[PDB]
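final_30.pdb, holding PDB, N, CA and C atoms:
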ATOM      1  N   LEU A  15      -3.583  -0.324 -11.688  1.00  0.00           N
ATOM      2  CA  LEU A  15      -4.593   0.714 -11.572  1.00  0.00           C
ATOM      3  C   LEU A  15      -5.041   0.823 -10.114  1.00  0.00           C
ATOM      4  N   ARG A  16      -5.579  -0.278  -9.610  1.00  0.00           N
ATOM      5  CA  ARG A  16      -6.049  -0.320  -8.236  1.00  0.00           C
ATOM      6  C   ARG A  16      -4.867  -0.443  -7.273  1.00  0.00           C
ATOM      7  N   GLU A  17      -3.898  -1.251  -7.678  1.00  0.00           N
ATOM      8  CA  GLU A  17      -2.713  -1.465  -6.865  1.00  0.00           C
ATOM      9  C   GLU A  17      -1.743  -0.293  -7.022  1.00  0.00           C
ATOM     10  N   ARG A  18      -2.073   0.588  -7.954  1.00  0.00           N
ATOM     11  CA  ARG A  18      -1.245   1.752  -8.213  1.00  0.00           C
ATOM     12  C   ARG A  18      -1.694   2.927  -7.342  1.00  0.00           C
ATOM     13  N   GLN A  19      -3.002   3.024  -7.166  1.00  0.00           N
ATOM     14  CA  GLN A  19      -3.571   4.092  -6.359  1.00  0.00           C
ATOM     15  C   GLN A  19      -3.208   3.897  -4.886  1.00  0.00           C
ATOM     16  N   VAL A  20      -3.373   2.665  -4.427  1.00  0.00           N
ATOM     17  CA  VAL A  20      -3.067   2.336  -3.045  1.00  0.00           C
ATOM     18  C   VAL A  20      -1.558   2.455  -2.818  1.00  0.00           C
ATOM     19  N   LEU A  21      -0.808   1.735  -3.638  1.00  0.00           N
ATOM     20  CA  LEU A  21       0.640   1.752  -3.538  1.00  0.00           C
ATOM     21  C   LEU A  21       1.135   3.197  -3.625  1.00  0.00           C
ATOM     22  N   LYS A  22       0.271   4.056  -4.146  1.00  0.00           N
ATOM     23  CA  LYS A  22       0.606   5.462  -4.288  1.00  0.00           C
ATOM     24  C   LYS A  22       0.444   6.161  -2.938  1.00  0.00           C
ATOM     25  N   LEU A  23      -0.731   5.983  -2.352  1.00  0.00           N
ATOM     26  CA  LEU A  23      -1.024   6.588  -1.064  1.00  0.00           C
ATOM     27  C   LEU A  23      -0.232   5.864   0.027  1.00  0.00           C
ATOM     28  N   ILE A  24      -0.099   4.559  -0.151  1.00  0.00           N
ATOM     29  CA  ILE A  24       0.630   3.743   0.807  1.00  0.00           C
ATOM     30  C   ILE A  24       2.073   4.245   0.903  1.00  0.00           C
ATOM     31  N   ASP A  25       2.653   4.509  -0.258  1.00  0.00           N
ATOM     32  CA  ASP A  25       4.021   4.992  -0.317  1.00  0.00           C
ATOM     33  C   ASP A  25       4.144   6.267   0.518  1.00  0.00           C
ATOM     34  N   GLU A  26       3.126   7.109   0.407  1.00  0.00           N
ATOM     35  CA  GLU A  26       3.107   8.362   1.144  1.00  0.00           C
ATOM     36  C   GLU A  26       2.524   8.146   2.542  1.00  0.00           C
ATOM     37  N   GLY A  27       2.469   6.883   2.937  1.00  0.00           N
ATOM     38  CA  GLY A  27       1.939   6.531   4.244  1.00  0.00           C
ATOM     39  C   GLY A  27       0.428   6.302   4.178  1.00  0.00           C
ATOM     40  N   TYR A  28       0.016   5.134   4.647  1.00  0.00           N
ATOM     41  CA  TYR A  28      -1.393   4.781   4.648  1.00  0.00           C
ATOM     42  C   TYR A  28      -1.584   3.286   4.911  1.00  0.00           C
ATOM     43  N   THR A  29      -1.475   2.924   6.182  1.00  0.00           N
ATOM     44  CA  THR A  29      -1.633   1.535   6.578  1.00  0.00           C
ATOM     45  C   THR A  29      -2.855   0.920   5.894  1.00  0.00           C
ATOM     46  N   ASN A  30      -3.963   0.918   6.622  1.00  0.00           N
ATOM     47  CA  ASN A  30      -5.201   0.366   6.099  1.00  0.00           C
ATOM     48  C   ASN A  30      -6.375   1.231   6.559  1.00  0.00           C
ATOM     49  N   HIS A  31      -6.395   1.505   7.855  1.00  0.00           N
ATOM     50  CA  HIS A  31      -7.454   2.317   8.431  1.00  0.00           C
ATOM     51  C   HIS A  31      -7.617   3.601   7.614  1.00  0.00           C
ATOM     52  N   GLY A  32      -6.486   4.161   7.216  1.00  0.00           N
ATOM     53  CA  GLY A  32      -6.489   5.385   6.432  1.00  0.00           C
ATOM     54  C   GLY A  32      -6.961   5.116   5.002  1.00  0.00           C
ATOM     55  N   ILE A  33      -6.508   3.994   4.465  1.00  0.00           N
ATOM     56  CA  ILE A  33      -6.873   3.610   3.111  1.00  0.00           C
ATOM     57  C   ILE A  33      -8.384   3.371   3.044  1.00  0.00           C
ATOM     58  N   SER A  34      -8.903   2.770   4.105  1.00  0.00           N
ATOM     59  CA  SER A  34     -10.323   2.478   4.179  1.00  0.00           C
ATOM     60  C   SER A  34     -11.120   3.780   4.285  1.00  0.00           C
ATOM     61  N   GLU A  35     -10.476   4.786   4.857  1.00  0.00           N
ATOM     62  CA  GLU A  35     -11.110   6.082   5.025  1.00  0.00           C
ATOM     63  C   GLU A  35     -10.955   6.918   3.752  1.00  0.00           C
ATOM     64  N   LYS A  36      -9.926   6.584   2.986  1.00  0.00           N
ATOM     65  CA  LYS A  36      -9.658   7.291   1.746  1.00  0.00           C
ATOM     66  C   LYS A  36     -10.373   6.585   0.595  1.00  0.00           C
ATOM     67  N   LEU A  37     -10.086   5.298   0.461  1.00  0.00           N
ATOM     68  CA  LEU A  37     -10.694   4.501  -0.590  1.00  0.00           C
ATOM     69  C   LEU A  37     -12.144   4.188  -0.214  1.00  0.00           C
ATOM     70  N   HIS A  38     -12.302   3.594   0.960  1.00  0.00           N
ATOM     71  CA  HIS A  38     -13.624   3.237   1.446  1.00  0.00           C
ATOM     72  C   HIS A  38     -13.504   2.121   2.485  1.00  0.00           C
ATOM     73  N   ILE A  39     -14.420   2.147   3.443  1.00  0.00           N
ATOM     74  CA  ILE A  39     -14.429   1.146   4.496  1.00  0.00           C
ATOM     75  C   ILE A  39     -14.417  -0.249   3.869  1.00  0.00           C
ATOM     76  N   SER A  40     -13.213  -0.776   3.700  1.00  0.00           N
ATOM     77  CA  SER A  40     -13.049  -2.097   3.115  1.00  0.00           C
ATOM     78  C   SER A  40     -11.622  -2.596   3.344  1.00  0.00           C
ATOM     79  N   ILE A  41     -11.191  -2.506   4.594  1.00  0.00           N
ATOM     80  CA  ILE A  41      -9.854  -2.944   4.958  1.00  0.00           C
ATOM     81  C   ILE A  41      -9.631  -4.369   4.442  1.00  0.00           C
ATOM     82  N   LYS A  42     -10.734  -5.084   4.278  1.00  0.00           N
ATOM     83  CA  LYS A  42     -10.672  -6.453   3.795  1.00  0.00           C
ATOM     84  C   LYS A  42     -10.326  -6.448   2.306  1.00  0.00           C
ATOM     85  N   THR A  43     -11.116  -5.698   1.549  1.00  0.00           N
ATOM     86  CA  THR A  43     -10.904  -5.599   0.115  1.00  0.00           C
ATOM     87  C   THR A  43      -9.439  -5.269  -0.186  1.00  0.00           C
ATOM     88  N   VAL A  44      -8.869  -4.426   0.662  1.00  0.00           N
ATOM     89  CA  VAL A  44      -7.484  -4.023   0.499  1.00  0.00           C
ATOM     90  C   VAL A  44      -6.577  -5.239   0.698  1.00  0.00           C
ATOM     91  N   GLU A  45      -6.911  -6.028   1.708  1.00  0.00           N
ATOM     92  CA  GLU A  45      -6.139  -7.219   2.014  1.00  0.00           C
ATOM     93  C   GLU A  45      -5.890  -8.034   0.743  1.00  0.00           C
ATOM     94  N   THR A  46      -6.910  -8.076  -0.101  1.00  0.00           N
ATOM     95  CA  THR A  46      -6.817  -8.812  -1.351  1.00  0.00           C
ATOM     96  C   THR A  46      -5.911  -8.074  -2.337  1.00  0.00           C
ATOM     97  N   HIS A  47      -5.979  -6.753  -2.282  1.00  0.00           N
ATOM     98  CA  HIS A  47      -5.174  -5.924  -3.161  1.00  0.00           C
ATOM     99  C   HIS A  47      -3.717  -5.941  -2.692  1.00  0.00           C
ATOM    100  N   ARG A  48      -3.547  -5.796  -1.386  1.00  0.00           N
ATOM    101  CA  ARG A  48      -2.220  -5.795  -0.798  1.00  0.00           C
ATOM    102  C   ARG A  48      -1.417  -6.997  -1.298  1.00  0.00           C
ATOM    103  N   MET A  49      -2.082  -8.142  -1.325  1.00  0.00           N
ATOM    104  CA  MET A  49      -1.445  -9.368  -1.777  1.00  0.00           C
ATOM    105  C   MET A  49      -1.019  -9.257  -3.242  1.00  0.00           C
ATOM    106  N   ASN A  50      -1.941  -8.768  -4.058  1.00  0.00           N
ATOM    107  CA  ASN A  50      -1.676  -8.606  -5.477  1.00  0.00           C
ATOM    108  C   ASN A  50      -0.595  -7.539  -5.671  1.00  0.00           C
ATOM    109  N   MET A  51      -0.725  -6.466  -4.905  1.00  0.00           N
ATOM    110  CA  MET A  51       0.229  -5.372  -4.981  1.00  0.00           C
ATOM    111  C   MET A  51       1.662  -5.883  -4.823  1.00  0.00           C
ATOM    112  N   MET A  52       1.829  -6.805  -3.886  1.00  0.00           N
ATOM    113  CA  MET A  52       3.137  -7.380  -3.625  1.00  0.00           C
ATOM    114  C   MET A  52       3.560  -8.315  -4.760  1.00  0.00           C
ATOM    115  N   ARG A  53       2.585  -9.050  -5.274  1.00  0.00           N
ATOM    116  CA  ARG A  53       2.841  -9.983  -6.357  1.00  0.00           C
ATOM    117  C   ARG A  53       3.048  -9.227  -7.671  1.00  0.00           C
ATOM    118  N   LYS A  54       2.911  -7.912  -7.588  1.00  0.00           N
ATOM    119  CA  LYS A  54       3.079  -7.066  -8.757  1.00  0.00           C
ATOM    120  C   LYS A  54       4.545  -6.642  -8.869  1.00  0.00           C
ATOM    121  N   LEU A  55       5.028  -6.012  -7.807  1.00  0.00           N
ATOM    122  CA  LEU A  55       6.406  -5.552  -7.775  1.00  0.00           C
ATOM    123  C   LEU A  55       7.293  -6.651  -7.186  1.00  0.00           C
ATOM    124  N   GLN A  56       6.650  -7.570  -6.479  1.00  0.00           N
ATOM    125  CA  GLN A  56       7.365  -8.675  -5.863  1.00  0.00           C
ATOM    126  C   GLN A  56       8.128  -8.188  -4.629  1.00  0.00           C
ATOM    127  N   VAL A  57       7.415  -8.137  -3.513  1.00  0.00           N
ATOM    128  CA  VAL A  57       8.010  -7.695  -2.264  1.00  0.00           C
ATOM    129  C   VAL A  57       7.730  -8.732  -1.175  1.00  0.00           C
ATOM    130  N   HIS A  58       6.847  -8.360  -0.261  1.00  0.00           N
ATOM    131  CA  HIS A  58       6.484  -9.245   0.833  1.00  0.00           C
ATOM    132  C   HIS A  58       5.138  -8.810   1.418  1.00  0.00           C
ATOM    133  N   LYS A  59       5.184  -7.732   2.187  1.00  0.00           N
ATOM    134  CA  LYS A  59       3.981  -7.206   2.810  1.00  0.00           C
ATOM    135  C   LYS A  59       3.801  -5.740   2.406  1.00  0.00           C
ATOM    136  N   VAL A  60       2.628  -5.213   2.719  1.00  0.00           N
ATOM    137  CA  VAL A  60       2.318  -3.832   2.397  1.00  0.00           C
ATOM    138  C   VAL A  60       3.400  -2.922   2.982  1.00  0.00           C
ATOM    139  N   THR A  61       3.873  -3.299   4.160  1.00  0.00           N
ATOM    140  CA  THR A  61       4.905  -2.529   4.834  1.00  0.00           C
ATOM    141  C   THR A  61       6.195  -2.533   4.012  1.00  0.00           C
ATOM    142  N   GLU A  62       6.663  -3.735   3.710  1.00  0.00           N
ATOM    143  CA  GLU A  62       7.882  -3.890   2.933  1.00  0.00           C
ATOM    144  C   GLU A  62       7.706  -3.277   1.542  1.00  0.00           C
ATOM    145  N   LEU A  63       6.573  -3.591   0.931  1.00  0.00           N
ATOM    146  CA  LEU A  63       6.272  -3.080  -0.395  1.00  0.00           C
ATOM    147  C   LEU A  63       6.129  -1.557  -0.330  1.00  0.00           C
ATOM    148  N   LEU A  64       5.595  -1.092   0.788  1.00  0.00           N
ATOM    149  CA  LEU A  64       5.398   0.333   0.988  1.00  0.00           C
ATOM    150  C   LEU A  64       6.722   1.063   0.750  1.00  0.00           C
ATOM    151  N   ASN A  65       7.787   0.475   1.272  1.00  0.00           N
ATOM    152  CA  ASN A  65       9.111   1.056   1.123  1.00  0.00           C
ATOM    153  C   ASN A  65       9.543   0.963  -0.341  1.00  0.00           C
ATOM    154  N   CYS A  66       9.077  -0.089  -0.997  1.00  0.00           N
ATOM    155  CA  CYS A  66       9.407  -0.308  -2.395  1.00  0.00           C
ATOM    156  C   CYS A  66       8.995   0.936  -3.187  1.00  0.00           C
ATOM    157  N   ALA A  67       7.738   1.319  -3.013  1.00  0.00           N
ATOM    158  CA  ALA A  67       7.210   2.484  -3.701  1.00  0.00           C
ATOM    159  C   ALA A  67       7.951   3.733  -3.223  1.00  0.00           C
ATOM    160  N   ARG A  68       8.280   3.732  -1.939  1.00  0.00           N
ATOM    161  CA  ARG A  68       8.988   4.855  -1.347  1.00  0.00           C
ATOM    162  C   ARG A  68      10.377   4.998  -1.975  1.00  0.00           C
ATOM    163  N   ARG A  69      11.144   3.921  -1.887  1.00  0.00           N
ATOM    164  CA  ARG A  69      12.487   3.912  -2.440  1.00  0.00           C
ATOM    165  C   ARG A  69      13.376   4.907  -1.691  1.00  0.00           C
ATOM    166  N   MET A  70      13.222   4.916  -0.376  1.00  0.00           N
ATOM    167  CA  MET A  70      14.000   5.811   0.464  1.00  0.00           C
ATOM    168  C   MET A  70      14.325   5.155   1.809  1.00  0.00           C
ATOM    169  N   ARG A  71      13.286   4.635   2.445  1.00  0.00           N
ATOM    170  CA  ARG A  71      13.447   3.981   3.732  1.00  0.00           C
ATOM    171  C   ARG A  71      13.908   4.991   4.786  1.00  0.00           C
ATOM    172  N   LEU A  72      13.096   6.023   4.965  1.00  0.00           N
ATOM    173  CA  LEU A  72      13.407   7.060   5.933  1.00  0.00           C
ATOM    174  C   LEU A  72      12.367   7.032   7.055  1.00  0.00           C
ATOM    175  N   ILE A  73      11.110   7.155   6.657  1.00  0.00           N
ATOM    176  CA  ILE A  73      10.016   7.146   7.611  1.00  0.00           C
ATOM    177  C   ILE A  73      10.156   8.346   8.553  1.00  0.00           C
ATOM    178  N   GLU A  74      10.180   9.527   7.951  1.00  0.00           N
ATOM    179  CA  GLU A  74      10.308  10.753   8.720  1.00  0.00           C
ATOM    180  C   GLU A  74       9.003  11.550   8.672  1.00  0.00           C
ATOM    181  N   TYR A  75       8.628  11.938   7.461  1.00  0.00           N
ATOM    182  CA  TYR A  75       7.409  12.701   7.265  1.00  0.00           C
ATOM    183  C   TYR A  75       6.297  12.207   8.194  1.00  0.00           C
TER     184      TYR A  75
END

Rewrite the structure from the file as structure tokens, please.
Amino acid sequence: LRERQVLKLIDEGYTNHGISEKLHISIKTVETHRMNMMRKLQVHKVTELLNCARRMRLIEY
């Protein structure tokens, strides 16, 4: 739910600063989610996992 919304925006690009501006000033809170998010799909980091949700690995848009 929470890791789905972020992983959703993250997939479409959204480091943290943006997430904090979208979700709310809580880059820290995300840090906790980022970890869980990875332990959900089983990746590594938000960056690596970001591509997971992407499933393209282009980084063009």

Please evaluate the PyMOL selection byres ((chain A and resi 15-24) around 6.5) against the structure above and give the resulting residues as a list in words.
-> residues 25, 26, 27, 28, 29, 47, 51, 64 and 67 of chain A

Coordinates of box centre and edge lengths for segment 28-43 of chain A, 6 Å on every side, axis-aligned, as JSON:
{"center_x": -7.2, "center_y": 0.4, "center_z": 3.9, "size_x": 26.4, "size_y": 25.7, "size_z": 21.0}

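Here atom N of residue 31 of chain A stands at a distance of 11.9 Å from atom C of residue 45 of chain A.
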
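Between atom N of residue 75 of chain A and atom C of residue 35 of chain A lies a distance of 20.6 Å.
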
Atomic distance atom CA of residue 73 of chain A - atom CA of residue 32 of chain A, expressed in Å with one decimal =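 One can read the atom CA of residue 73 of chain A to atom CA of residue 32 of chain A distance as 16.6 Å.
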
Enumerate as a PyMOL selection string all residues of chain A assigned to helix (DSSP H, G or I) by DSSP on the backbone, naming them with the chain letters and numbers the document uses.
-> chain A and resi 16-25+31-36+41-55+60-68

Find the residues around residue 44 of chain A up to 8 Å (only N, CA and C atoms counted), leave out those fewer than 4 positions away in its own chain, and share them as a CSV table (one decimal) with N, CA and C atoms, keeping the file's coordinate frame.
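What follows is the written file out-v1.csv:
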chain,number,residue,atom,x,y,z
A,30,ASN,N,-4.0,0.9,6.6
A,30,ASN,CA,-5.2,0.4,6.1
A,30,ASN,C,-6.4,1.2,6.6
A,33,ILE,N,-6.5,4.0,4.5
A,33,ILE,CA,-6.9,3.6,3.1
A,33,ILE,C,-8.4,3.4,3.0
A,34,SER,N,-8.9,2.8,4.1
A,34,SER,CA,-10.3,2.5,4.2
A,34,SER,C,-11.1,3.8,4.3
A,39,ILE,N,-14.4,2.1,3.4
A,39,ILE,CA,-14.4,1.1,4.5
A,39,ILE,C,-14.4,-0.2,3.9
A,40,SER,N,-13.2,-0.8,3.7
A,40,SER,CA,-13.0,-2.1,3.1
A,40,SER,C,-11.6,-2.6,3.3
A,48,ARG,N,-3.5,-5.8,-1.4
A,48,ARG,CA,-2.2,-5.8,-0.8
A,48,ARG,C,-1.4,-7.0,-1.3
A,49,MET,N,-2.1,-8.1,-1.3
A,49,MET,CA,-1.4,-9.4,-1.8
A,49,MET,C,-1.0,-9.3,-3.2
A,50,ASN,N,-1.9,-8.8,-4.1
A,50,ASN,CA,-1.7,-8.6,-5.5
A,50,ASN,C,-0.6,-7.5,-5.7

Please export chain A as an mmCIF file, in the first residue's frame, restricted to C-alpha atoms.
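Written out: result-v6.cif:
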data_model
loop_
_atom_site.group_PDB
_atom_site.id
_atom_site.type_symbol
_atom_site.label_atom_id
_atom_site.label_comp_id
_atom_site.auth_asym_id
_atom_site.auth_seq_id
_atom_site.Cartn_x
_atom_site.Cartn_y
_atom_site.Cartn_z
ATOM 1 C CA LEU A 15 0.000 0.000 0.000
ATOM 2 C CA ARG A 16 2.588 2.497 1.176
ATOM 3 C CA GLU A 17 5.419 0.793 -0.669
ATOM 4 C CA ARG A 18 3.121 0.600 -3.670
ATOM 5 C CA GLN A 19 2.412 4.310 -3.904
ATOM 6 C CA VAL A 20 6.066 5.257 -3.638
ATOM 7 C CA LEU A 21 7.305 2.418 -5.813
ATOM 8 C CA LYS A 22 4.663 3.750 -8.174
ATOM 9 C CA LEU A 23 5.905 7.323 -8.317
ATOM 10 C CA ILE A 24 9.475 6.136 -7.892
ATOM 11 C CA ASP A 25 9.109 3.970 -10.974
ATOM 12 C CA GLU A 26 8.020 7.072 -12.850
ATOM 13 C CA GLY A 27 10.974 8.862 -11.301
ATOM 14 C CA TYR A 28 11.095 10.293 -7.799
ATOM 15 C CA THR A 29 14.275 10.098 -5.756
ATOM 16 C CA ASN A 30 13.324 11.393 -2.329
ATOM 17 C CA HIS A 31 13.218 15.174 -2.434
ATOM 18 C CA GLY A 32 10.337 14.801 -4.862
ATOM 19 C CA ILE A 33 8.683 12.076 -2.822
ATOM 20 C CA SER A 34 8.921 14.297 0.234
ATOM 21 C CA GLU A 35 7.283 17.045 -1.787
ATOM 22 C CA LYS A 36 4.639 14.671 -3.090
ATOM 23 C CA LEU A 37 4.066 12.475 -0.061
ATOM 24 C CA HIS A 38 5.290 14.931 2.547
ATOM 25 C CA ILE A 39 8.476 16.343 4.022
ATOM 26 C CA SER A 40 9.717 13.071 5.464
ATOM 27 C CA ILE A 41 12.689 11.895 3.438
ATOM 28 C CA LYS A 42 13.478 9.964 6.597
ATOM 29 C CA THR A 43 10.145 8.185 6.809
ATOM 30 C CA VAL A 44 10.745 7.115 3.229
ATOM 31 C CA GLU A 45 14.134 5.721 4.173
ATOM 32 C CA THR A 46 12.244 3.234 6.309
ATOM 33 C CA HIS A 47 9.841 2.483 3.483
ATOM 34 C CA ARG A 48 12.579 2.252 0.880
ATOM 35 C CA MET A 49 14.096 -0.558 2.912
ATOM 36 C CA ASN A 50 10.798 -2.395 3.189
ATOM 37 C CA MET A 51 10.036 -1.678 -0.449
ATOM 38 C CA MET A 52 13.186 -3.547 -1.401
ATOM 39 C CA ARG A 53 12.469 -6.352 1.037
ATOM 40 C CA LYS A 54 9.116 -6.611 -0.701
ATOM 41 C CA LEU A 55 10.171 -7.275 -4.275
ATOM 42 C CA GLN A 56 13.684 -8.149 -3.170
ATOM 43 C CA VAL A 57 16.081 -5.789 -4.908
ATOM 44 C CA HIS A 58 18.751 -3.649 -3.290
ATOM 45 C CA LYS A 59 18.241 0.101 -3.216
ATOM 46 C CA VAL A 60 15.475 2.472 -4.240
ATOM 47 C CA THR A 61 17.488 3.076 -7.388
ATOM 48 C CA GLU A 62 17.844 -0.587 -8.275
ATOM 49 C CA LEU A 63 14.321 -1.330 -7.106
ATOM 50 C CA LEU A 64 13.164 1.720 -9.027
ATOM 51 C CA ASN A 65 14.152 -0.096 -12.197
ATOM 52 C CA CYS A 66 12.358 -3.160 -10.888
ATOM 53 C CA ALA A 67 9.056 -1.312 -10.985
ATOM 54 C CA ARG A 68 10.132 0.243 -14.263
ATOM 55 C CA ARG A 69 11.046 -3.023 -15.943
ATOM 56 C CA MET A 70 12.708 -1.186 -18.806
ATOM 57 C CA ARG A 71 16.001 0.338 -17.725
ATOM 58 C CA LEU A 72 15.936 3.239 -20.156
ATOM 59 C CA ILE A 73 15.978 6.397 -18.071
ATOM 60 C CA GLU A 74 14.910 8.660 -20.912
ATOM 61 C CA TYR A 75 11.721 10.433 -19.908
#
